[PDB]
Amino acid sequence: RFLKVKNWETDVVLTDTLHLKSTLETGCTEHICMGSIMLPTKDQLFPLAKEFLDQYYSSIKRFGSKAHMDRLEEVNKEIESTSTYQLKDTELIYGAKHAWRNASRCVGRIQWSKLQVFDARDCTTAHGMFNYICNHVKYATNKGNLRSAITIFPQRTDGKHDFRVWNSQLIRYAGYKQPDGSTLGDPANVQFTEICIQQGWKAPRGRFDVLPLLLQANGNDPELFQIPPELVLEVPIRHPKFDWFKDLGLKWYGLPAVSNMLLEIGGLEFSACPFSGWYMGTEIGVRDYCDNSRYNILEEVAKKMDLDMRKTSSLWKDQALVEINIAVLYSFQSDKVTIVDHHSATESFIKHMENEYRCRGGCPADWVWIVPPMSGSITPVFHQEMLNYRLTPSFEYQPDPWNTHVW
Amino acid sequence: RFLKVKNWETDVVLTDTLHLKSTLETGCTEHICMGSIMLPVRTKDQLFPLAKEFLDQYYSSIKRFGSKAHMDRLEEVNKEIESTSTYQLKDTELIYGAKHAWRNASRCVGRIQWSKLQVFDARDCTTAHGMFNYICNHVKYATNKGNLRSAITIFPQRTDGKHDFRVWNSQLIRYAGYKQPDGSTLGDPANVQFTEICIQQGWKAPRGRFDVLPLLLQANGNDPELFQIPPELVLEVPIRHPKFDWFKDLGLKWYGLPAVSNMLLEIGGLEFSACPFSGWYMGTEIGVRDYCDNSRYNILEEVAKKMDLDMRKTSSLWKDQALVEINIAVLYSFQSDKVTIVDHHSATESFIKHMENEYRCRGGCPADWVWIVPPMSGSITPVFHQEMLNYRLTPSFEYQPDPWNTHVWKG
Ligand code: HEM
Ligand code: HEM
Ligand SMILES: C[C@H](O)[C@H](O)[C@H]1CNc2nc(N)[nH]c(=O)c2N1
Ligand SMILES: C[C@H](O)[C@H](O)[C@H]1CNc2nc(N)[nH]c(=O)c2N1
Ligand SMILES: N=C(C=O)NCCC[C@H](N)C(=O)O
Ligand SMILES: N=C(C=O)NCCC[C@H](N)C(=O)O
Ligand SMILES: [Zn+2]
């Protein structure tokens, strides 16, 4: 019930007590561990509200105060009366910072308390959503000096009036199945790209087309909007040694902005809550560029490098991987767009975990996600034992809207 | 109940039923996952069910389930248990059990090989000099002049827990570590404490960077005794690089035979506390972990210096760059000397085919993702993208406490 985590590189042991406040379930049992699985009423609502306000008032050191009691009373009356309730600005901000604080798959959480929260609860139309989103994009991008931000649309009501950004991130590239048999662009977006097209978009059918936003307000049929091109900061990818790298014609965008997730605060569900920070280099250079089912460029890069691709044991794949990742980091830095390498990010996270243990009694972490997808054991997180559990406020997965939507 | 795992690279979905046969626990609950935690005297009472379950599984695998022979065997084990309180395995059940422990070892990537295992039965062994002799034969058979063969040597089972056989070494072959007076370590930091025990027991330490440790062997609960493995039996590979001629001048070498000797084999409720086993190396074990962990030989700096990488900002990825070259070197050196080794691409690919085969024929393959994914280049290996289910089947290999912590010294 009081749990230890050991760092096997440093022998440092931390005691976790925060897990006892755990609410949601993991997917695991005593008979089976599902640690590597990607996706493992009035009555219900009041406990959730109470649990949240209790932690809020504790955080501002007013636990058991008249204002604590009165707010519980007030929210309680409101749920009874309206079957839902509204968060104060202060609670919304707290809730959102803590959803990030609790994100067990996020290595960058040392930043959790510096989050700019844009309250878009007064939004009513997809055009409004579009405007909020363009402002988020421009604020967060900040001409390359990126600032963490979230934009929070109105909460779910009877679930027939859901706000949703159909896009998986605010900024992503289109994917096109070809008569050729191959895929042009990003293969992960082939389906959403068709949805756009079938909804009206005229695709330029190139390798790196920024997708349009498909925005759904108030349970309505979603609508299309192009993000002003001038707001979408992109980086051409070059290598500081290989002159030929530029000729591959690779670019990526500066702003990683997950937009398909659900923010749960005090039992309330915010189904449109796009958020952004800044990239860790591996996300682009290892995953986006090298996954076989993504841009899958390893083979082309290896050839340009003239490596021995005869035998897997020459480690040509591994050699090409390093160079691609040097090139990503170098290009972002050269253009002064915020980026972090996996060494510095993981080092930060270890420090953040120390802080959270010391200050909060723990830090839920998902080792499978936290360890970078290259050079695992030469980053300190590899050697760090982690306990994974689910705390609220949280970011949660939700089904893609096109399987739900009734048109 | 059916459980599905999906591969996110291929969309291949597999269905696991084998997890239903699992009884032992994971460390996880519905409220906490302990999947990254390294480590999360038996009555007749508990022994017969364990025996029965094992023999049911044995008799099924030989298509003799419910046969007269199956039944006579259950009766014979049962009478042996509550009469002598324990029981002896037939040679065939011992072989079957040691293979299955391997088959079931969820942190093992090399398990496509599980049915090709040479089982050496050392249960007639009685003394530490006897153990030394068995261990030498294992080393020599397994080494096979570089053409490595998987083997396990199985010493007598636990009885009262006061007469345990134990190999005090953590692997049969490993290099000494020496903590220096200035605080630096010579040799391998992982083996400092053990190297200190050896010295205390009377080993004369060469005190270099790669001194093969002596075997410290406990027979029948007796104080352990030292022995030197004949040097001619210890195959070693000097590490050089195909293109960097200064690489040899780092003075690096490693041994060819990875032979875990501190684990406990459980078969049918019986506990075999000395059961050293060996296969062959995946290159990353040496080139990533043994050479480049900060707590081990820690050669990244000296290698990157020689390569003259930009070392002032980690975002040059100088570490990653040196890491690849070192791993190239390890594989190149083993191949050149004709000593068996597998690269992490080849091994993870084979594992994936192993795993799908196991899902089809067996109903599952328990696998620990944290351990299966290699410690470099994780996501360009197919395992990274493979969902896995981790659960515990018997027969199995288990951890046990280091014997210097529990041993009652005779003097
Ligand atoms: C400040 C810079 C940040 C860094 C360097 C960072 C780092 C990361 C990385 C590397 C991932 C894994 C991405 C993947 O494999 O797809 C991740 C996941 C995540 N981060 Fe962050 N993060 C940052 C900011 C944020 C912000 C601002 C939030 C929310 C306010 C957040 C919430 C999350 C969540 C919820 C996930 C899991 C998403 C999923 O399951 O796909 N992070 N973080
Ligand atoms: C034939 C070639 C083999 C290969 C390439 C191989 C590969 C590996 C690797 C790379 C590890 C992880 C080692 C570490 O991080 O310390 C491992 C773990 C393991 N393998 Fe194998 N293996 C092989 C044979 C065997 C054999 C013969 C057995 C026993 C009969 C075995 C049982 C295990 C066990 C129990 C572990 C977990 C070790 C631990 O928890 O410390 N493997 N395997
Ligand atoms: C099957 C496995 O859970 C899946 O590949 C995970 C592994 N670790 C990951 N880690 C991160 N950060 N992001 C991912 O998408 C994944 N994919
Ligand atoms: C804390 C963490 O569980 C620990 O570092 C594990 C990670 N994965 C591993 N994987 C393998 N094969 N071997 C190991 O020693 C480890 N160490
Ligand atoms: N830095 C972050 C968090 O905000 N990334 C979130 C997901 C982005 C994805 N990993 C990608 O490579 O596009
Ligand atoms: N290939 C195997 C199993 O036979 N490895 C066992 C552990 C070897 C350890 N990783 C080492 O580097 O010494
Ligand atoms: Zn688990």
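Atoms within each ligand, like the ligands themselves, are counted from 1 in listed order. Below, all heavy atoms of this structure are taken into account, side chains as well, without hydrogens, waters or symmetry copies. Chain letters run A, B, ... following the sequence lines, proteins first and then strands; every chain starts at 1.
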Top protein contact for atom 13 (O) of ligand 5, by heavy-atom distance: A:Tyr279 OH, 2.7 Å

A:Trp278 and ligand 5 - part of the residue with a heavy-atom distance under 4.0 Å: backbone

Heteroatom proximity flag, B:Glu285 to ligand 2, N/O under 3.5 Å: no

Non-hydrogen atom of B:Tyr281 closer than 4.0 Å to ligand 2: no

Polar side chain donor-acceptor pair, A:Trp252 to A:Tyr279, under 3.5 angstrom: yes

Check ion pair B:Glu266-B:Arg392 (N to O, under 4.0 angstrom): no

Atom indices of ligand 4 within 4.0 angstrom of A:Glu385 heavy atoms, with elements: 1 (C)

Sub-4.0 Å heavy-atom contact, B:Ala347 with ligand 2: no

Ligand 5 versus A:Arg172: contacting region, heavy-atom distance under 4.0 Å: neither

Under-4.0 Å protein heavy-atom contact, atom 8 (C) of ligand 5: yes

Residue A:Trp367 vicinity, atoms of ligand 4 by number, heavy atom under 4.0 Å: 2 (C), 7 (C)

Shortest protein contact, atom 12 (O) of ligand 5 (heavy atom only): A:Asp288 OD2, 2.6 Å

Option set A:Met280, A:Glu283, A:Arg105, criterion heavy-atom distance to atom 2 (C) of ligand 5, minimum: A:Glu283

Sub-3.5 Å N/O-N/O distance, B:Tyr399 and ligand 2: yes

Ligand 5 versus A:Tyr253: contacting region, heavy-atom distance under 4.0 Å: side chain

Closest approach of any protein heavy atom to atom 4 (O) of ligand 5, naming residue and atom: A:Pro256 O, 3.7 Å

Proximal atoms of ligand 5 relative to A:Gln169 (non-hydrogen, under 4.0 Å): 8 (C), 9 (C), 11 (C), 13 (O)

Under 4.0 Å to a heavy atom of B:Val370 - the qualifying atoms of ligand 4, by number: 3 (O), 7 (C), 8 (N), 9 (C), 10 (N)

Side-chain H-bond candidate by donor/acceptor type, A:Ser168 with A:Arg172, under 3.5 Å: yes

salt_bridge(A:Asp16, A:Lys4) N-O dist < 4.0 Å: no

Any B:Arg289 heavy atom less than 4.0 Å from ligand 4: yes

Close-contact set for ligand 5 against A:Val258 heavy atoms, below 4.0 Å: 6 (C), 7 (C)

Donor on one side chain, acceptor on other, B:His345 and A:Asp318, under 3.5 Å: yes

Ligand 4 atoms in contact with A:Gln384 (distance to a heavy atom under 4.0 Å): 1 (C)

